[PDB]
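# Structural features, examined
So the chains spell out like this:
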Amino acid sequence: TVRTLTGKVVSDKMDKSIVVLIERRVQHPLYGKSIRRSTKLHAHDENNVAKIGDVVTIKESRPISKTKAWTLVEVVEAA
Amino acid sequence: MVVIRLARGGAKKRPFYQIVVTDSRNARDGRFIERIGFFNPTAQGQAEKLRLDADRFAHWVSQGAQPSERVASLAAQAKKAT
Amino acid sequence: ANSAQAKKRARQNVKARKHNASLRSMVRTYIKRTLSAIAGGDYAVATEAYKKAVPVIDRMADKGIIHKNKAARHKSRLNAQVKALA
Amino acid sequence: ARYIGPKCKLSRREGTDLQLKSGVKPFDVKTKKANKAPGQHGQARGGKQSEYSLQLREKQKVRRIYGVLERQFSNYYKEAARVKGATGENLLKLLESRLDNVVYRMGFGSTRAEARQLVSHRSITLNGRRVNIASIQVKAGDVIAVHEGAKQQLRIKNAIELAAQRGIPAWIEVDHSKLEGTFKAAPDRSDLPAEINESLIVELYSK
RNA sequence: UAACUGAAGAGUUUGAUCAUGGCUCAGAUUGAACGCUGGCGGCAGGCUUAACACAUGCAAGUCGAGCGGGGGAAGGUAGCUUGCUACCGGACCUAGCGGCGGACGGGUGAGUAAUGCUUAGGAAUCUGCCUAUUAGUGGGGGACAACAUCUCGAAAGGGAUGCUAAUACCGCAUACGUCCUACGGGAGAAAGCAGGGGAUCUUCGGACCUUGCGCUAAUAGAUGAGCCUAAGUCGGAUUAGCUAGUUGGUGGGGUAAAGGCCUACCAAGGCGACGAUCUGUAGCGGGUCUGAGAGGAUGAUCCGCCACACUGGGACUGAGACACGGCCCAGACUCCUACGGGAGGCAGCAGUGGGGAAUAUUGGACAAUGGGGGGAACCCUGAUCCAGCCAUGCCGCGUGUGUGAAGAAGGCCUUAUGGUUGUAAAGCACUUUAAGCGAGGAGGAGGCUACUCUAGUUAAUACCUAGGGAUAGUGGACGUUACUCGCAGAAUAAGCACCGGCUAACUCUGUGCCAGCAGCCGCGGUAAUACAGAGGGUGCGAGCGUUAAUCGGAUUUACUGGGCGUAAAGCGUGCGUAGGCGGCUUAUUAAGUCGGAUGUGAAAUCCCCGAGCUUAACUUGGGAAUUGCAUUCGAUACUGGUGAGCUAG
């Protein structure tokens, strides 16, 4: 009953934090062609298990820092 | 607190009231939580004079809403009629 | 102010401000004393300071000068810092 | 507002009798000038007309016979378009359902102007109350009667005498002894005269 | 039953023609303004410009049943210049302390392109008054206004010494819940007042019993508010790099609460062509107008949210404010002064000056619905309900009806005596809407007080609470109300634009490329259907025209729905980055795509069926709709991902 997202890690330089890129495909409101839209989310990684290139899952939570509100749940595939 | 009172509608010199449940600090004809009936003091012919939902009225009274004087009288009237 | 009741409210405001400031200063002074004992580092001295400081915090929190959550936070953190001294 | 002035010139311009006169004397003898327009350039009906002219002249004839002005007529057409059915049929029913028209066809008025005068002066009661608005729509089953103060009136007696010579409508059940009538249903198109062409008015307002 | 059903063209480039392409016209709409004219009613609307400056009055008070004083009326008793004095107990009033309220209601849109708004979710919070439940309300103390005295000041207001009460303030005691905990323990509250009373006592006037309103500690509910996330939300590249508390981590501080919110250290991160940074403009939504629809424009009046209060910076009190009619500071401006000293903030209601093409009364009542205080009586309320002004809009009504011709007179045209004005007028006979006068007269008022009875709690029939009965008083600003009935007489009431084509409706006089008209095409240089007047007519009608503005017509930014040989339009030609798109077979996934269910999509507004207004506008019941969003369960043809295989590229 919690909101989860699936994405690909694009950075792990900072301490205990990962940057994951989420991708979605939506229709253009007027021209009707399906277009690709992406967003960047800062998540929380307690043990630095995540790396660059892996496909991961995150879930929403209470704030952990200024820009982090998501926590890693599981690593689906390792780079 | 939460109150049950009348909100004035209708036209000039022919008022029509909605019985609403609302926070008392709101404006008379503004924000409200729930509408539970109506009152038409000048009805005639086939027009209904008073309609009240007794179940929701009792529910809100149990939760702690305070009926106004006129609404209490109208509730007594409706209970007598039913 | 324009009206009599507004003037009365201002007078009551200044008097209450003085009284509340006195009590808040009391609380801050006792907390500072406990911190000084902890920095001193003796266990028994810090324990005595904490035992003196707790009732004042509780009394002012009950009077409403500070919030009871603030009082609880102060008590818990000070107790942890004293216990760390072993 | 309400048209007041010469009546026969309207009929002469329209080319037919719009029965604004009582009817004791025929239109031809009454005017001596029918078949000619009332202007200084009056001509015969054989002159050419445009489609716009035909449409306008058709609607004007209905307006002059029923005594209805442009704003109310446009409101009537909008109502008839909103209501289901044939638009011209609905418009004719709406025009016939007016109180003053019902009084005229019930006989207490020699002309629609006389009926309107009576209605305005409250000599006519609908159901059981003294109304004074001539545009009221009469509904099926309504009872129209003459006020007891308005009874034994010479104009009413003459009006019923002329109505007796005139043809009694099918949809109106009227007794002239106590001067009371009952409406039952809206007249249908076949009941109405076939001279009026509602299609022209519909085309005009559809433009 | 029903909840929609909807799409018109014309003129103008040339001696003709077809095409391309601009320009102009016919529609709907308005918070409109101006010109001519003007009778009434109902319902709405009324500074769009200077968030410019404001004279004057009102817009926030209430409680003596929290408290001490202080007042002036009636009385009663005693004296006597005899109806005057001196005392005493009750009834009223309130400057001060204190409680609650003043954070609501009301105004405005300056700022704000995201800390805002809309839709859908979340966890780490606080919450006066209200509802339910549990444990209590023991015993002390020191002050300070009023008051008294002094002093400054014309005052307004200031300052200094000495007293006093409390539900004001602070110790001590106690603790079902509550906080901390090292799980051993430790810490922390409160206030009285009023009504009634059988018995008992009264150290002398109360104790005691009981019931209400209070007060303290706690847990739930409801309400309100704070915080976080995702998606969406106007232009500009003639604005390409921006950022060091900046991005993350640890210890500590801080908050009701998560968090660089703050701080000391460690690391070098963070954002950006899916537009960062910079700059211009702008309150956002439900909605409104237009359109066949898709779209376009807009955000007055009604409702929700946000922001602001002469301009900037702060905090205090409080459950709640960084507070329109509260405080401190700085700034500009204005006012009083006796030169000592002071005061102020209409974007509240009414109003004034100014600006403007342009927008109203320095009105009545708290009778109704609400809000604040009080046990109640009651008090306050420019919210609100009403009234005044304005054709500003929408809807309705009237300004009379029938007859009346060898076709009166007059006007105008003429082929010169006919035609037209025209049944029009006169005459004859009727009628009283609306306005005016007179008389009656609902509804908006449910209730309250007096009386009686019943049931509760009590020791009690007392008090208090909740019900029933009949009767009588009492209560309406609007208001001489709506509405009904009588009175006299056609008596009081019609204008505006246009008549060459688009586009319904023609003649005569006057003038002569003049005076003039004109949306476009164009008229006027002696017979002007286009200028001015007149006759006649046409269209609307208490209105009629003009100007301004938005959408449409415009397939004239073309998603629905256009073009590029010669009409405007293929880069001088390659290569190539990001991006877009991509051959065939098979297995798998379920992102796109499709279907079901659930929750949500406020009310009002639009549409449908009804109801009440004499009709209609208008008000209103119930539906339909809100084409969306989210969660979850399914399908696997196509697109995408992954694995394997193939050869026509």
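Residues numbered from 1 in each chain as written, not as in the entry; some residues may be left out. Chains lettered and ligands numbered in written order. Part of a larger assembly, values for the part shown. Heavy atoms only, no water.

As recorded in the PDB header, cryo-EM is the method behind this entry, and the stated resolution is 2.37 Å.

This paragraph deals with unusual backbone geometry. All names here are of chain D. For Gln 19, which is not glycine, the phi dihedral falls at a positive 45°. Under the relative-accessibility criterion, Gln 19 is labelled partly exposed at 38%. For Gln 152, which is not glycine, the phi dihedral falls at a positive 40°. The exposed category is assigned to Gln 152, whose relative accessible area is 67%. (Buried < 20%, exposed > 50% of the residue type's maximum accessible area, 1.4 Å probe, protein only.)

All names here are of chain B. The final tally for this structure, using the stated rule, is 17 salt bridges over all chains. Between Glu 34 and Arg 56 there is a salt bridge, with its nearest N and O atoms 3.4 Å apart. Taken as a pair, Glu 34 in strand β3 (residues 34-39) and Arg 56 in helix α1 (residues 54-63) lie far apart in primary sequence, 22 residues in all. Its relative accessible area of 23% is what places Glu 34 among the partly exposed residues. Residue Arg 56 is classed as partly exposed on the basis of its relative accessible area of 30%. (Salt bridge = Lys/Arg side-chain N within 4 Å of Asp/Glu carboxyl O. Helix = DSSP H or I, 4+ residues; strand = E, 2+ residues; numbered from the N terminus.)

Below, the discussion takes up the pairing of strand β5 (residues 70-77) of chain A. All names here are of chain A. With 2 bridges joining them, strand β3 (residues 34-44) and β5 adopt parallel strand pairing. Its bridge partner lying in β5, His 44 is registered against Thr 71. For strand β4 (residues 55-60) and β5, the ladder comprises 6 bridges, and the chain directions are antiparallel. Paired with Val 56 across the strands is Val 75, a residue of β5. (Pairing = 2+ DSSP bridges.)

Residues and elements named next belong to chain C. An ideal rise of 1.5 Å per residue puts 30 Å on 21 residues; helix α2 (residues 43-63) measures up with 31 Å between its terminal C-alpha atoms. Regarding α2, the residues found buried are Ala 46, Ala 49, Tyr 50, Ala 53, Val 54, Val 56, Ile 57, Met 60 and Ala 61. Two or three places before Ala 44, at the opening of α2, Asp 42 has a side-chain oxygen 3.2 Å from that residue's backbone nitrogen. Of the residues flanking the end of α2, it is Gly 64, one or two places downstream, whose phi is positive at about 100°. (Expected span 1.5 Å × (residues − 1). Polar contact = N/O pair within 3.5 Å; in protein donor to acceptor, adjacent residues only side chain to side chain.)

Attention now moves to the protein's contact with RNA strand E. In the vicinity of RNA strand E there are 153 residues, among which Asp 58 of chain C together with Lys 7, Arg 12, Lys 30 and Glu 114 of chain D approach most closely. In this structure, a phosphate oxygen belonging to RNA strand E sits 3.1 Å away from a side-chain N or O atom of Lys 21 of chain D. Here a phosphate oxygen of RNA strand E and a side-chain polar atom of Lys 25 of chain D are 3.5 Å apart. Considered class by class, the residues forming the surface near RNA strand E number 34 nonpolar, 50 polar and 69 charged. (Near = heavy atom within 4 Å. Nonpolar A, V, L, I, M, F, W, Y, C, P; charged D, E, K, R; others polar.)

We now examine the packing of helix α4 (residues 70-82) of chain D against helix α5 (residues 87-96) of chain D. Residue and element names in this part refer to chain D. Viewed as axis vectors pointing N to C, α4 and α5 meet at an angle of 130°, and their least axial separation amounts to 8 Å. When the axis of α4 is compared with that of α5, the two are oblique. For α4 against α5, the interelement crossing comes out right-handed. Residue-level inspection shows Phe 73, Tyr 76, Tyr 77, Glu 79, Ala 80 and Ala 81 of α4 in contact with α5, the latter providing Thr 87, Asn 90, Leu 91 and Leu 94. (Axes fitted to C-alpha atoms, helices over the stretch in contact; angles between N-to-C directions. Parallel < 35°, antiparallel > 145°, perpendicular 65-115°, else oblique. Left-handed = near helix turned anticlockwise from the far one by under 90°. Contact = heavy atoms within 4.5 Å.)

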